[PDB]
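One structure is given here, and the rest of the page talks about it.
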Protein chains: 2
Amino acid sequence: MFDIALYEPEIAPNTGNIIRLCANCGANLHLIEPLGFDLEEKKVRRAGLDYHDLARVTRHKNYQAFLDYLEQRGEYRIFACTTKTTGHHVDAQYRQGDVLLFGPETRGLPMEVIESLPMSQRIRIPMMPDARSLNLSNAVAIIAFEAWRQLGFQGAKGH
Amino acid sequence: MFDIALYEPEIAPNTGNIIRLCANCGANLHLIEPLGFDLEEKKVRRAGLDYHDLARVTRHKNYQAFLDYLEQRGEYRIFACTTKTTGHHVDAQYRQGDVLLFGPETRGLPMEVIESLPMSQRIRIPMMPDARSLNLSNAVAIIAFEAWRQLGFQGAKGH
Ligand SMILES: Nc1ncnc2c1ncn2[C@@H]1O[C@H](CSCC[C@H](N)C(=O)O)[C@@H](O)[C@H]1O
């Protein structure tokens, strides 16, 4: 129903956490190369997963490959998840086909990518005043579960 | 505000993640001993933390020490994150003074602790069927940011 996309993810445990999370809320996961890690079976199993958990995972050679993929697939909206905007994750009206795009742990999303999208499709999780940024998988968790809430948790156990 | 409490946390990176998270949303963090790890200065620095992040952290000898601390301080409600209930994190009405209680990664909260609280104060995060459990930090993030949302993000940058 909606997808999650990591731009050049750097830290493996984060991507592990985000794979569990996508299974939990039923999102597909997009990893835009280059990655700071391999999905080697031995590291994947050490973190309590296996090859079947990596079915929702699609790799792309670069950002433009990722855009070409979405166009040739169906209707979509990209949301740029960044500290560098004024609009909250709760003020966006989410819908089937949306893509939540997240920046790398260190540099964050490139200015060009964020600027390619209108204000309405840029979203910041509120933070205490003396705070620089959330851990990547925490940001994905928060924004993913706000989108899912707005979609009435379509497809959840007992719901 | 509201607080977060970890019952016998076992895995260090999770608790590191959760200390950053408490600073980011301005919650106090309660660690109920025994822990599965030491908080040695060299591991704390390796995980990108300092004195200021560790001021938010209060340790308790056991569950009852944690309860004694809370009643010596004012009104409070404990909310337990558990799979053993029907109520979603969204369906609870959170309020200033509430405490979000989380079980150890490898064990979950003791039956007795969950049973000590009424149905309304037991909460589960929605899950798609037959999905691996969330990383503990992500579960804390989801429930913490729902409580914060209901409190209109009191105290966030520019509020
Ligand atoms: N408050 C917030 N709102 C929205 N997304 C956030 C966020 N905090 C982190 N993220 C997401 O998590 C990614 C990794 S954090 C990167 C920021 C970097 N440490 C810096 O100095 O700026 C971000 O690019 C963004 O997509």
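Residue numbering restarts at 1 for every chain of the structure tokens, chains are lettered A, B, ... in their displayed order, and ligands are numbered from 1 as they appear.
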Query - Test item: residues at most 8 Å from residue 127 of chain B, only C-alpha atoms, excluding those fewer than 3 positions along its chain, as a PyMOL selection string - result: (chain A and resi 24-25+156-157) or (chain B and resi 131)
Selected residues written out, N, CA, C and O atoms, as a tab-separated table (two decimals), in the first residue's frame:
chain	number	residue	atom	x	y	z
A	24	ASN	N	6.15	-5.32	9.31
A	24	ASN	CA	5.14	-5.04	10.35
A	24	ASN	C	4.02	-4.17	9.79
A	24	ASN	O	2.92	-4.33	10.27
A	25	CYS	N	4.29	-3.23	8.88
A	25	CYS	CA	3.28	-2.28	8.33
A	25	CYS	C	3.02	-2.56	6.84
A	25	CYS	O	2.19	-1.85	6.25
A	156	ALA	N	-4.11	-5.10	9.28
A	156	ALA	CA	-3.53	-5.49	10.60
A	156	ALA	C	-4.29	-6.65	11.28
A	156	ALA	O	-5.51	-6.75	11.11
A	157	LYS	N	-3.58	-7.44	12.08
A	157	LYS	CA	-4.12	-8.62	12.82
A	157	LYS	C	-5.31	-8.15	13.66
A	157	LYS	O	-5.12	-7.21	14.44
B	131	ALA	N	4.44	-11.49	11.03
B	131	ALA	CA	5.61	-10.59	10.86
B	131	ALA	C	6.56	-10.75	12.06
B	131	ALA	O	6.06	-10.85	13.21
Using all C-alpha atoms paired in order, least-squares fit chain A onto chain B and give me the moved copy as a CSV table (one decimal) with N, CA and C atoms, in the first residue's frame.
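result_8.csv written:
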chain,number,residue,atom,x,y,z
A,1,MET,N,7.5,15.9,30.5
A,1,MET,CA,6.0,15.7,30.4
A,1,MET,C,5.5,14.2,30.4
A,2,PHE,N,6.1,13.2,29.7
A,2,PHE,CA,5.9,11.8,30.0
A,2,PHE,C,7.2,11.1,30.0
A,3,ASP,N,7.3,9.9,30.6
A,3,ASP,CA,8.5,9.1,30.8
A,3,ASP,C,8.5,7.8,30.1
A,4,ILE,N,9.7,7.2,29.9
A,4,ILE,CA,9.8,5.9,29.3
A,4,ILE,C,10.6,5.0,30.3
A,5,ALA,N,10.2,3.8,30.4
A,5,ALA,CA,10.8,2.9,31.4
A,5,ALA,C,11.1,1.5,30.7
A,6,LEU,N,12.3,1.1,30.8
A,6,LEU,CA,12.8,-0.2,30.2
A,6,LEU,C,13.0,-1.2,31.4
A,7,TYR,N,12.2,-2.3,31.4
A,7,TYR,CA,12.4,-3.4,32.3
A,7,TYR,C,13.5,-4.3,31.8
A,8,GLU,N,14.6,-4.4,32.6
A,8,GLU,CA,15.7,-5.3,32.4
A,8,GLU,C,16.2,-5.3,30.9
A,9,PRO,N,16.5,-4.1,30.3
A,9,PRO,CA,17.0,-4.0,29.0
A,9,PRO,C,18.3,-4.8,28.8
A,10,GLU,N,18.5,-5.5,27.7
A,10,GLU,CA,19.5,-6.5,27.5
A,10,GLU,C,20.6,-6.0,26.5
A,11,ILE,N,20.2,-5.2,25.5
A,11,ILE,CA,21.1,-4.9,24.3
A,11,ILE,C,21.4,-3.4,24.3
A,12,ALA,N,22.7,-3.1,24.3
A,12,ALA,CA,23.1,-1.7,24.6
A,12,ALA,C,22.7,-0.8,23.4
A,13,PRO,N,23.0,-1.0,22.1
A,13,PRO,CA,22.6,-0.2,21.0
A,13,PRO,C,21.1,0.3,21.2
A,14,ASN,N,20.2,-0.6,21.6
A,14,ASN,CA,18.8,-0.3,21.8
A,14,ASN,C,18.7,0.8,22.8
A,15,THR,N,19.4,0.7,23.9
A,15,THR,CA,19.2,1.7,25.0
A,15,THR,C,19.9,3.1,24.5
A,16,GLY,N,21.0,3.0,23.7
A,16,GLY,CA,21.6,4.1,23.1
A,16,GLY,C,20.5,4.8,22.2
A,17,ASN,N,19.8,4.1,21.3
A,17,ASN,CA,18.8,4.6,20.4
A,17,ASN,C,17.7,5.3,21.2
A,18,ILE,N,17.3,4.7,22.4
A,18,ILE,CA,16.2,5.2,23.2
A,18,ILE,C,16.6,6.4,24.0
A,19,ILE,N,17.9,6.6,24.3
A,19,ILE,CA,18.4,7.8,25.0
A,19,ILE,C,18.3,9.0,24.0
A,20,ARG,N,18.7,8.8,22.7
A,20,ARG,CA,18.6,9.8,21.7
A,20,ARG,C,17.1,10.2,21.6
A,21,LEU,N,16.3,9.2,21.6
A,21,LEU,CA,14.8,9.4,21.3
A,21,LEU,C,14.2,10.2,22.5
A,22,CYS,N,14.5,9.9,23.7
A,22,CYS,CA,14.0,10.6,24.9
A,22,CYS,C,14.5,12.1,24.8
A,23,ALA,N,15.7,12.4,24.4
A,23,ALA,CA,16.2,13.8,24.2
A,23,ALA,C,15.3,14.4,23.1
A,24,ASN,N,15.0,13.7,22.1
A,24,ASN,CA,14.2,14.3,20.9
A,24,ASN,C,12.8,14.6,21.3
A,25,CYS,N,12.1,13.9,22.2
A,25,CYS,CA,10.7,14.1,22.6
A,25,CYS,C,10.6,14.6,24.0
A,26,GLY,N,11.7,14.7,24.7
A,26,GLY,CA,11.8,15.3,26.1
A,26,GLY,C,11.3,14.5,27.2
A,27,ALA,N,11.4,13.2,27.0
A,27,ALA,CA,11.0,12.2,28.1
A,27,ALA,C,12.1,11.9,29.0
A,28,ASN,N,11.9,11.6,30.2
A,28,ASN,CA,12.9,11.0,31.2
A,28,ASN,C,12.9,9.5,30.9
A,29,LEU,N,14.0,8.8,31.1
A,29,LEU,CA,14.2,7.4,30.8
A,29,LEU,C,14.5,6.7,32.2
A,30,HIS,N,13.8,5.6,32.4
A,30,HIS,CA,13.9,4.7,33.6
A,30,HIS,C,14.5,3.4,33.2
A,31,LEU,N,15.6,3.0,33.8
A,31,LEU,CA,16.2,1.6,33.5
A,31,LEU,C,16.0,0.8,34.8
A,32,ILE,N,15.3,-0.3,34.7
A,32,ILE,CA,15.0,-1.1,35.9
A,32,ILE,C,16.1,-2.3,35.9
A,33,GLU,N,17.0,-2.3,36.8
A,33,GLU,CA,18.1,-3.3,36.9
A,33,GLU,C,17.5,-4.7,37.1
A,34,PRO,N,18.2,-5.8,36.8
A,34,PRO,CA,19.5,-5.8,36.1
A,34,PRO,C,19.5,-5.5,34.6
A,35,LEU,N,20.5,-4.8,34.1
A,35,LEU,CA,20.8,-4.4,32.7
A,35,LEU,C,21.7,-5.5,32.1
A,36,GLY,N,21.7,-5.7,30.8
A,36,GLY,CA,22.6,-6.7,30.1
A,36,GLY,C,23.9,-6.0,29.7
A,37,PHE,N,24.2,-4.8,30.2
A,37,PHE,CA,25.3,-3.9,29.8
A,37,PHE,C,25.6,-2.9,30.9
A,38,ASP,N,26.8,-2.3,30.8
A,38,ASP,CA,27.2,-1.1,31.6
A,38,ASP,C,26.9,0.2,30.8
A,39,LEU,N,26.8,1.3,31.4
A,39,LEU,CA,26.9,2.6,30.7
A,39,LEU,C,28.4,3.1,30.9
A,40,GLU,N,29.4,2.3,30.4
A,40,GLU,CA,30.8,2.7,30.5
A,40,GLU,C,31.1,3.8,29.5
A,41,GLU,N,31.8,4.8,29.9
A,41,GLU,CA,32.0,6.1,29.1
A,41,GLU,C,32.5,5.8,27.7
A,42,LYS,N,33.3,4.7,27.5
A,42,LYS,CA,34.0,4.4,26.3
A,42,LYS,C,33.0,3.8,25.2
A,43,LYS,N,32.0,3.0,25.7
A,43,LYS,CA,30.9,2.4,24.9
A,43,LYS,C,29.9,3.5,24.5
A,44,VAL,N,29.6,4.4,25.5
A,44,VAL,CA,28.7,5.6,25.4
A,44,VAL,C,29.2,6.6,24.3
A,45,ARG,N,30.5,6.8,24.3
A,45,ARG,CA,31.2,7.7,23.3
A,45,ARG,C,31.3,7.1,22.0
A,46,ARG,N,31.6,5.8,21.9
A,46,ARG,CA,31.6,5.0,20.6
A,46,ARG,C,30.3,5.1,19.9
A,47,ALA,N,29.2,5.2,20.6
A,47,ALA,CA,27.8,5.4,20.1
A,47,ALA,C,27.4,6.9,20.0
A,48,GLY,N,28.3,7.8,20.0
A,48,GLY,CA,28.1,9.2,19.7
A,48,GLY,C,27.5,10.1,20.8
A,49,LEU,N,27.6,9.6,22.0
A,49,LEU,CA,27.0,10.3,23.2
A,49,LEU,C,28.1,10.7,24.2
A,50,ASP,N,27.7,11.3,25.4
A,50,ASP,CA,28.6,11.5,26.5
A,50,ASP,C,27.7,11.5,27.8
A,51,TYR,N,28.4,11.8,29.0
A,51,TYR,CA,27.8,11.8,30.4
A,51,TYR,C,26.6,12.7,30.5
A,52,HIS,N,26.5,13.8,29.8
A,52,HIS,CA,25.4,14.8,29.8
A,52,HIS,C,24.1,14.2,29.2
A,53,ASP,N,24.3,13.3,28.2
A,53,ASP,CA,23.1,12.6,27.5
A,53,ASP,C,22.5,11.7,28.6
A,54,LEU,N,23.2,11.2,29.5
A,54,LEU,CA,22.8,10.2,30.6
A,54,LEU,C,22.2,11.0,31.8
A,55,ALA,N,21.9,12.3,31.7
A,55,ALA,CA,21.2,13.0,32.8
A,55,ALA,C,19.8,12.6,33.0
A,56,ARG,N,19.0,12.5,31.9
A,56,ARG,CA,17.6,12.1,31.9
A,56,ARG,C,17.4,10.6,32.5
A,57,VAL,N,18.5,9.9,32.6
A,57,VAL,CA,18.5,8.4,32.9
A,57,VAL,C,18.5,8.2,34.5
A,58,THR,N,17.5,7.5,35.0
A,58,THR,CA,17.4,7.1,36.4
A,58,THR,C,17.4,5.6,36.4
A,59,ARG,N,18.2,5.0,37.3
A,59,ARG,CA,18.3,3.5,37.5
A,59,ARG,C,17.5,3.2,38.7
A,60,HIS,N,16.9,2.0,38.8
A,60,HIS,CA,16.1,1.4,39.9
A,60,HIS,C,16.6,0.0,40.1
A,61,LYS,N,16.6,-0.4,41.4
A,61,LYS,CA,17.2,-1.7,41.8
A,61,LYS,C,16.3,-2.8,41.3
A,62,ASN,N,15.0,-2.6,41.2
A,62,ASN,CA,13.9,-3.6,40.7
A,62,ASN,C,12.6,-2.9,40.4
A,63,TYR,N,11.6,-3.6,39.9
A,63,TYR,CA,10.3,-3.1,39.5
A,63,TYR,C,9.7,-2.3,40.7
A,64,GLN,N,9.8,-2.9,41.9
A,64,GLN,CA,9.1,-2.4,43.0
A,64,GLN,C,9.7,-1.0,43.4
A,65,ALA,N,11.1,-0.9,43.3
A,65,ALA,CA,11.8,0.3,43.6
A,65,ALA,C,11.3,1.4,42.6
A,66,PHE,N,11.1,1.0,41.4
A,66,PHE,CA,10.6,1.9,40.3
A,66,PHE,C,9.2,2.4,40.7
A,67,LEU,N,8.3,1.5,41.2
A,67,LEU,CA,6.9,1.9,41.6
A,67,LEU,C,7.0,2.9,42.8
A,68,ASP,N,7.9,2.6,43.8
A,68,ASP,CA,8.0,3.4,45.0
A,68,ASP,C,8.4,4.8,44.6
A,69,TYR,N,9.4,4.9,43.7
A,69,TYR,CA,9.9,6.2,43.1
A,69,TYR,C,8.8,7.0,42.6
A,70,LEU,N,7.9,6.4,41.8
A,70,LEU,CA,6.8,7.2,41.1
A,70,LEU,C,5.8,7.7,42.1
A,71,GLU,N,5.4,6.9,43.1
A,71,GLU,CA,4.5,7.2,44.2
A,71,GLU,C,5.0,8.4,44.9
A,72,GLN,N,6.3,8.4,45.3
A,72,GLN,CA,6.9,9.4,46.2
A,72,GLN,C,7.3,10.6,45.4
A,73,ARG,N,6.7,10.8,44.2
A,73,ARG,CA,7.1,11.9,43.2
A,73,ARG,C,5.9,12.6,42.8
A,74,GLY,N,4.7,12.0,42.6
A,74,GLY,CA,3.6,12.7,42.0
A,74,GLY,C,2.6,11.7,41.3
A,75,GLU,N,1.6,12.3,40.7
A,75,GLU,CA,0.5,11.5,40.0
A,75,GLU,C,1.2,10.8,38.7
A,76,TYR,N,0.7,9.7,38.4
A,76,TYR,CA,1.2,8.9,37.2
A,76,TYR,C,0.2,7.8,36.8
A,77,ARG,N,0.3,7.3,35.6
A,77,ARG,CA,-0.4,6.2,35.0
A,77,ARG,C,0.8,5.4,34.3
A,78,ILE,N,0.8,4.1,34.6
A,78,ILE,CA,1.7,3.2,33.8
A,78,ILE,C,1.0,2.6,32.7
A,79,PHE,N,1.5,2.7,31.5
A,79,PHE,CA,1.1,1.9,30.3
A,79,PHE,C,2.1,0.8,30.0
A,80,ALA,N,1.6,-0.4,29.9
A,80,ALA,CA,2.3,-1.7,29.6
A,80,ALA,C,2.3,-1.9,28.1
A,81,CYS,N,3.4,-1.7,27.5
A,81,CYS,CA,3.6,-1.8,26.0
A,81,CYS,C,3.9,-3.2,25.7
A,82,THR,N,3.0,-4.0,25.1
A,82,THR,CA,3.1,-5.4,24.9
A,82,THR,C,2.3,-5.9,23.6
A,83,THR,N,2.7,-7.0,23.1
A,83,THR,CA,2.0,-7.6,21.9
A,83,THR,C,0.8,-8.4,22.5
A,84,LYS,N,0.8,-8.7,23.8
A,84,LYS,CA,-0.1,-9.6,24.4
A,84,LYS,C,-1.4,-8.9,24.9
A,85,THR,N,-1.9,-8.0,24.1
A,85,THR,CA,-3.2,-7.3,24.4
A,85,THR,C,-3.8,-6.8,23.0
A,86,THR,N,-5.0,-6.4,23.1
A,86,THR,CA,-5.9,-6.1,21.9
A,86,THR,C,-5.9,-4.6,21.6
A,87,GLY,N,-5.7,-3.7,22.6
A,87,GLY,CA,-5.8,-2.3,22.4
A,87,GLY,C,-4.6,-1.6,21.7
A,88,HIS,N,-4.8,-0.8,20.7
A,88,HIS,CA,-3.7,-0.1,20.0
A,88,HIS,C,-3.2,1.1,20.8
A,89,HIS,N,-1.9,1.5,20.5
A,89,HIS,CA,-1.2,2.7,21.0
A,89,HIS,C,-2.0,3.9,20.6
A,90,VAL,N,-2.7,4.0,19.5
A,90,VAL,CA,-3.5,5.1,19.0
A,90,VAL,C,-4.9,5.3,19.8
A,91,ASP,N,-5.3,4.2,20.4
A,91,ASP,CA,-6.7,4.3,21.1
A,91,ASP,C,-6.6,4.8,22.5
A,92,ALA,N,-5.4,4.9,23.1
A,92,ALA,CA,-5.2,5.4,24.4
A,92,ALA,C,-5.1,7.0,24.3
A,93,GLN,N,-5.8,7.7,25.3
A,93,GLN,CA,-5.7,9.1,25.4
A,93,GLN,C,-4.5,9.4,26.4
A,94,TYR,N,-3.4,9.9,25.9
A,94,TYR,CA,-2.1,10.1,26.7
A,94,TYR,C,-2.2,11.4,27.5
A,95,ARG,N,-1.5,11.6,28.5
A,95,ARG,CA,-1.5,12.9,29.3
A,95,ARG,C,-0.2,13.0,30.1
A,96,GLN,N,0.2,14.3,30.4
A,96,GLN,CA,1.3,14.7,31.3
A,96,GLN,C,1.3,13.7,32.5
A,97,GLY,N,2.5,13.1,32.8
A,97,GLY,CA,2.7,12.2,34.0
A,97,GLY,C,2.7,10.7,33.6
A,98,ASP,N,2.3,10.4,32.4
A,98,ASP,CA,2.2,8.9,32.0
A,98,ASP,C,3.6,8.4,31.9
A,99,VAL,N,3.7,7.0,32.1
A,99,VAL,CA,4.9,6.2,32.0
A,99,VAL,C,4.7,5.1,31.0
A,100,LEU,N,5.5,5.1,29.9
A,100,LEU,CA,5.5,4.0,28.9
A,100,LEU,C,6.5,2.9,29.3
A,101,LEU,N,6.0,1.7,29.7
A,101,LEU,CA,6.8,0.6,30.2
A,101,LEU,C,7.0,-0.4,29.1
A,102,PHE,N,8.3,-0.8,28.9
A,102,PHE,CA,8.7,-1.7,27.9
A,102,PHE,C,9.4,-2.9,28.5
A,103,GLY,N,9.2,-4.1,27.8
A,103,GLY,CA,9.8,-5.3,28.3
A,103,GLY,C,11.2,-5.6,27.7
A,104,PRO,N,11.9,-6.5,28.3
A,104,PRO,CA,13.2,-6.9,27.8
A,104,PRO,C,13.1,-7.6,26.4
A,105,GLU,N,14.1,-7.5,25.6
A,105,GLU,CA,14.2,-7.9,24.1
A,105,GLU,C,13.7,-9.3,23.9
A,106,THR,N,14.1,-10.2,24.9
A,106,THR,CA,14.0,-11.7,24.7
A,106,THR,C,12.7,-12.2,25.4
A,107,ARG,N,12.5,-12.0,26.7
A,107,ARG,CA,11.4,-12.7,27.4
A,107,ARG,C,10.1,-11.8,27.3
A,108,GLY,N,10.3,-10.5,27.0
A,108,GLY,CA,9.1,-9.5,27.1
A,108,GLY,C,8.7,-9.3,28.5
A,109,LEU,N,7.7,-8.4,28.7
A,109,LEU,CA,7.3,-8.1,30.1
A,109,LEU,C,6.7,-9.4,30.8
A,110,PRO,N,7.0,-9.5,32.1
A,110,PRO,CA,6.4,-10.6,32.9
A,110,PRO,C,4.8,-10.5,32.9
A,111,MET,N,4.1,-11.6,32.8
A,111,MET,CA,2.6,-11.7,32.7
A,111,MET,C,2.0,-10.9,33.9
A,112,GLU,N,2.6,-11.1,35.1
A,112,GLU,CA,2.2,-10.4,36.4
A,112,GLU,C,2.1,-8.9,36.3
A,113,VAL,N,3.1,-8.3,35.7
A,113,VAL,CA,3.3,-6.8,35.6
A,113,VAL,C,2.1,-6.3,34.7
A,114,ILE,N,2.0,-6.9,33.5
A,114,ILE,CA,0.9,-6.6,32.5
A,114,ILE,C,-0.4,-6.7,33.2
A,115,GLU,N,-0.6,-7.8,34.0
A,115,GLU,CA,-1.9,-8.1,34.6
A,115,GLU,C,-2.2,-7.2,35.8
A,116,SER,N,-1.2,-6.6,36.3
A,116,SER,CA,-1.4,-5.6,37.4
A,116,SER,C,-2.1,-4.3,36.9
A,117,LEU,N,-2.2,-4.1,35.6
A,117,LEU,CA,-2.7,-2.9,35.0
A,117,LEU,C,-4.0,-3.2,34.3
A,118,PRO,N,-5.0,-2.3,34.3
A,118,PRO,CA,-6.3,-2.6,33.5
A,118,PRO,C,-6.0,-2.6,32.0
A,119,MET,N,-7.0,-3.2,31.3
A,119,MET,CA,-7.0,-3.3,29.8
A,119,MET,C,-6.6,-2.0,29.2
A,120,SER,N,-7.3,-0.9,29.6
A,120,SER,CA,-7.2,0.5,29.1
A,120,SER,C,-5.7,1.0,29.1
A,121,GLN,N,-4.8,0.5,30.0
A,121,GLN,CA,-3.4,0.9,30.2
A,121,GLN,C,-2.5,-0.2,29.6
A,122,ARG,N,-3.0,-1.0,28.7
A,122,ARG,CA,-2.1,-2.0,28.0
A,122,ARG,C,-2.2,-1.7,26.5
A,123,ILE,N,-1.1,-1.6,25.8
A,123,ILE,CA,-1.1,-1.1,24.4
A,123,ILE,C,-0.2,-1.9,23.5
A,124,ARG,N,-0.7,-2.3,22.3
A,124,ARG,CA,0.0,-3.0,21.3
A,124,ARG,C,0.1,-2.2,20.0
A,125,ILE,N,1.3,-2.1,19.5
A,125,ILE,CA,1.5,-1.5,18.1
A,125,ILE,C,1.0,-2.5,17.1
A,126,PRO,N,0.1,-2.1,16.2
A,126,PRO,CA,-0.3,-3.0,15.1
A,126,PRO,C,0.9,-3.6,14.4
A,127,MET,N,0.8,-4.9,13.9
A,127,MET,CA,1.8,-5.6,13.2
A,127,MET,C,1.2,-6.5,12.2
A,128,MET,N,1.9,-6.8,11.1
A,128,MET,CA,1.5,-7.7,10.0
A,128,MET,C,1.3,-9.1,10.7
A,129,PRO,N,0.4,-9.9,10.0
A,129,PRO,CA,0.0,-11.2,10.7
A,129,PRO,C,1.1,-12.1,11.0
A,130,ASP,N,2.2,-12.2,10.2
A,130,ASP,CA,3.2,-13.3,10.4
A,130,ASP,C,4.4,-12.7,11.2
A,131,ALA,N,4.2,-11.7,12.1
A,131,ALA,CA,5.2,-11.0,12.8
A,131,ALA,C,5.1,-11.3,14.3
A,132,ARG,N,6.3,-11.5,14.9
A,132,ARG,CA,6.4,-11.8,16.4
A,132,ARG,C,6.4,-10.5,17.2
A,133,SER,N,7.2,-9.5,16.9
A,133,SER,CA,7.5,-8.3,17.7
A,133,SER,C,8.4,-7.3,17.0
A,134,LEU,N,8.3,-6.0,17.4
A,134,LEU,CA,9.2,-4.9,16.9
A,134,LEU,C,10.5,-5.0,17.7
A,135,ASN,N,11.6,-4.5,17.1
A,135,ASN,CA,12.8,-4.1,17.8
A,135,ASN,C,12.4,-3.1,19.0
A,136,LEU,N,13.0,-3.3,20.1
A,136,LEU,CA,12.7,-2.5,21.3
A,136,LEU,C,12.7,-1.0,21.1
A,137,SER,N,13.7,-0.4,20.4
A,137,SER,CA,13.8,1.1,20.3
A,137,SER,C,12.8,1.5,19.3
A,138,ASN,N,12.5,0.7,18.3
A,138,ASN,CA,11.4,1.1,17.3
A,138,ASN,C,10.1,1.2,18.0
A,139,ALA,N,9.8,0.2,18.9
A,139,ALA,CA,8.5,0.2,19.7
A,139,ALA,C,8.5,1.5,20.6
A,140,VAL,N,9.6,1.9,21.2
A,140,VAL,CA,9.6,3.1,22.1
A,140,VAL,C,9.4,4.3,21.2
A,141,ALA,N,10.1,4.4,20.0
A,141,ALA,CA,9.9,5.5,19.1
A,141,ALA,C,8.5,5.7,18.7
A,142,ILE,N,7.8,4.6,18.2
A,142,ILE,CA,6.4,4.7,17.7
A,142,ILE,C,5.5,5.2,18.9
A,143,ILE,N,5.6,4.5,20.0
A,143,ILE,CA,4.6,4.8,21.1
A,143,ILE,C,4.9,6.2,21.6
A,144,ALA,N,6.2,6.6,21.8
A,144,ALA,CA,6.6,7.9,22.3
A,144,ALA,C,6.1,9.0,21.4
A,145,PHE,N,6.2,8.8,20.1
A,145,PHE,CA,5.8,9.8,19.1
A,145,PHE,C,4.3,9.8,18.9
A,146,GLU,N,3.5,8.8,19.3
A,146,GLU,CA,2.1,8.9,19.3
A,146,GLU,C,1.6,9.7,20.5
A,147,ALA,N,2.2,9.4,21.7
A,147,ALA,CA,1.9,10.2,22.9
A,147,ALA,C,2.2,11.7,22.6
A,148,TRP,N,3.4,12.0,22.1
A,148,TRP,CA,3.8,13.4,21.8
A,148,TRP,C,2.8,14.0,20.8
A,149,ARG,N,2.3,13.3,19.8
A,149,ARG,CA,1.4,13.8,18.8
A,149,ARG,C,0.1,14.3,19.5
A,150,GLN,N,-0.4,13.5,20.4
A,150,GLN,CA,-1.7,13.7,21.2
A,150,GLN,C,-1.5,14.9,22.1
A,151,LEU,N,-0.2,15.2,22.5
A,151,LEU,CA,0.1,16.4,23.4
A,151,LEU,C,0.6,17.5,22.5
A,152,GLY,N,0.2,17.5,21.2
A,152,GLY,CA,0.4,18.6,20.2
A,152,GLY,C,1.9,18.9,20.0
A,153,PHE,N,2.8,18.0,20.3
A,153,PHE,CA,4.3,18.1,20.2
A,153,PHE,C,4.7,19.3,21.1
A,154,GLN,N,4.1,19.5,22.3
A,154,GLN,CA,4.5,20.5,23.3
A,154,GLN,C,6.1,20.5,23.3
A,155,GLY,N,6.7,21.7,23.1
A,155,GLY,CA,8.1,22.0,23.3
A,155,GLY,C,9.0,21.8,22.2
A,156,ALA,N,8.5,21.6,21.0
A,156,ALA,CA,9.3,21.3,19.7
A,156,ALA,C,9.8,22.6,19.0
A,157,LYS,N,10.9,22.4,18.4
A,157,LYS,CA,11.6,23.6,17.6
A,157,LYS,C,10.6,24.1,16.6
A,158,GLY,N,10.3,25.4,16.7
A,158,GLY,CA,9.5,26.2,15.8
A,158,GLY,C,8.0,26.0,15.9
A,159,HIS,N,7.5,25.3,16.9
A,159,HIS,CA,6.1,24.8,17.1
A,159,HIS,C,5.6,25.3,18.5
Query raised in the report: Taking the backbone alone, and naming residues the way the document does, which bits of chain B are helix (DSSP H, G or I) by DSSP, as a ChimeraX atom specification?
Result: /B:12-25,41-46,63-71,111-115,119-121,136-150
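Within segment 21-133 of chain A, the backbone-based DSSP assignment of strand (DSSP E or B) covers residues 28, 29, 30, 31, 32, 57, 58, 59, 60, 77, 78, 79, 80, 81, 88, 98, 99, 100, 101, 102, 122, 123 and 124 of chain A.
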